[PDB]
Each structure stands twice: as structure tokens, then as C-alpha cells.
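Quick note: residue numbers are just sequence positions, from 1.
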Amino acid sequence: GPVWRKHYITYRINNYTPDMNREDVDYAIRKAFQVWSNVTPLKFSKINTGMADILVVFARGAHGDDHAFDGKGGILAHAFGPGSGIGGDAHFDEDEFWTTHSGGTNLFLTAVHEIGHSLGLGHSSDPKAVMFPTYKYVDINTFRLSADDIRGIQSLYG
Ligand SMILES: COc1ccc(S(=O)(=O)N(CC(=O)N=O)C[C@H](O)CO)cc1
Ligand SMILES: [Ca+2]
Ligand SMILES: [Ca+2]
Ligand SMILES: [Ca+2]
Ligand SMILES: [Zn+2]
Ligand SMILES: [Zn+2]
């Protein structure tokens with residue numbers, strides 16, 4: 001499927017969950033992009049205005065895309081593969097409780113997965129992969145991509 005055909009990729013945070021400190025949302029998203037730039041030639045920059053490649057959105061229920069959210073639990077987030085318009089965009093269910101830690105749903109870990117999709121990755125069948133489509137908290141301070149994630153992303157870039 002689709003990949004970004006350029007190395008400089010922009011993102012923008014459309015709005016902020018009230019669940020977290022603003023600075024902690026910025027840092028979680030930044031760190032999640034870094035996971036992928038670590039293993040590809042991509043460079044990611046946060047822009048404050050105008051059209052970004054990847055728009056990061058918090059929203060609940062129906063939110064304008066035909067992929068309605070389902071309240072607390074279940075679907076936590078979804079994202080669109082590379083492309084124009086909404087392509088690349090990553091949406092996070094405001095009905096979850098987003099955190100920097102093991103409580104609620106960890107924003108950083110979820111965003112690593114969502115950004116994987118924004119870059120063109122699909123789901124992995126390997127429970128060890130961040131792209132495995134089941135949320136399970138792991139210690140974020142020492143998080144690492146699985147072999148499967150790295151082979152997946154390096155099949156698309158670099
Ligand atoms: C660690 O990163 C994630 C793990 C799971 C999910 S999820 O919302 O739970 N997911 C939807 C999805 O894959 N969106 O990209 C899976 C099923 O549809 C519902 O369980 C999101 C991010
Ligand atoms: Ca949900
Ligand atoms: Ca977009
Ligand atoms: Ca919330
Ligand atoms: Zn959406
Ligand atoms: Zn997914």
C-alpha cells in the first residue's frame with residue numbers, strides 16, 4: 001500500500017485531551033514519532049498552523065470520518081495510511097483516559113502504533129509487535145520495537 005514519497009514529514013496537534021497536561025501530550029507524540037525516525041530516513045516536525053501531513057486529533061463518537069468511536073474501551077484510536085487530505089491522520093478516542101503512565105490508556109504506546117499506520121504499516125499477528133491490534137501496557141521508559149515492527153517498517157522505508 002501507500003507510503004510517503006518524501007523524507008520531511010510534518011505533524012500537527014489539532015486539539016488536546018483534557019486528560020493530560022499539554023506538555024505531556026506534546027512529549028508523548030514527539031517520542032512516538034522518534035520511535036519511527038530511529039529506524040527510517042524520515043524526519044518529523046511539529047507545525048502549529050496550516051496543513052500537516054499527519055493531523056493528530058482527539059474526538060469522541062461520530063467525528064466526521066465514517067469511523068465512529070465507541071465510548072470507553074474497545075476501539076482506542078485509529079489512523080489513515082499515507083495520502084492526501086485525511087491520509088496520515090491519527091485519531092484518538094476522547095472517551096478513553098489518556099496518561100503518561102500505566103493507568104488509563106498510555107498515549108505514547110498507542111501513538112507509536114497509530115503512527116505506524118500513518119506511515120503505511122498494517123497489523124501484525126505477533127503479540128510482541130507494537131502493531132499487534134490489542135492494547136497491552138508495557139513500560140514506556142524502556143519500550144522497543146519488535147523485530148517484526150522493524151522488518152515491517154524497513155520494508156516500506158530506508
Ligand atoms: C498499542 O497500540 C494500539 C493497540 C490497540 C488499538 S485498538 O484501538 O484497540 N485497535 C484499533 C486499532 O488497531 N487502531 O489502529 C484494535 C481493535 O480494533 C480494538 O481492540 C489501538 C492502538
Ligand atoms: Ca473507545
Ligand atoms: Ca493528512
Ligand atoms: Ca478522555
Ligand atoms: Zn476518526
Ligand atoms: Zn491498529
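Within a 6.0 Å radius of NZ in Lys128, other residues, nucleotides and ligands contribute 12 heavy atoms or fewer. More than 12 heavy-atom neighbours from other residues, nucleotides or ligands sit within 6.0 angstrom of NE2 on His123. Remark: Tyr157 OH is packed, more than 12 non-hydrogen atoms of other residues, nucleotides or ligands lying under 6.0 Å away.
Separation of the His117 and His78 ring centroids does not fall under the 6.0 Å cut-off. Aromatic ring centres of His101 and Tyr137 lie farther apart than the 6.0 Å criterion allows. Aromatic ring centres of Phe132 and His113 lie farther apart than the 6.0 Å criterion allows. Two rings, from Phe69 and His63, have their centers less than 6.0 Å apart. Two rings, from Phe108 and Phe143, have their centers less than 6.0 Å apart.
In the hydrophobic clustering (ILVMFWY side chains linked at under 4.5 Å, chained through shared members), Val57 is joined by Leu55.
Under the 4.5 Å side-chain criterion, counting only non-hydrogen atoms from C-beta, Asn48 is not in contact with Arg12. Here the side chains of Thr110 and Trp98 are in contact, with some heavy-atom distance below 4.5 Å. Under the 4.5 Å side-chain criterion, counting only non-hydrogen atoms from C-beta, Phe44 is not in contact with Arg30. Counting heavy atoms from C-beta on, the side chains of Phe58 and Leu107 come closer than 4.5 Å.
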- Report the C-alpha distance between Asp53 and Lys6 in whole Å, list the side-chain angles of each, state the deciding distance to 0.1 Å, and finish with yes or no for salt bridge (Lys or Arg N to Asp or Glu O under 4.0 Å). CA-CA 11 Å; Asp53 296 317; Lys6 63 198 185 182; 2.9 Å; yes
- Item | CA sep, side-chain torsions, deciding dist, call: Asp26, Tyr16, side chain to side chain donor-acceptor pair (under 3.5 Å) | CA-CA 9 Å; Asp26 285 349; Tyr16 285 84; 2.6 Å; yes
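Closest heavy-atom contact between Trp36 and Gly116: NE1-N, 3.5 Å. Minimum heavy-atom separation, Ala79 to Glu114: N-OE1, 3.1 Å. Nearest heavy atom pair, residue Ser37 against residue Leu42, reads CB-O, 3.3 Å.
Judged by distance alone, the side chain of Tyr11 and the main-chain N or O of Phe33 form no donor-acceptor pair under 3.5 Å. In this structure a side-chain-to-backbone donor-acceptor pair under 3.5 Å is missing from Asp149 to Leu145. A donor-acceptor distance shorter than 3.5 angstrom exists from the side chain of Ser118 to the backbone of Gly88, with no hydrogens or angles considered. Looking at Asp65, its side chain does come within 3.5 Å of a backbone N or O of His67 through a donor-acceptor pair. Judged by distance alone, the side chain of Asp148 and the main-chain N or O of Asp126 form no donor-acceptor pair under 3.5 Å.
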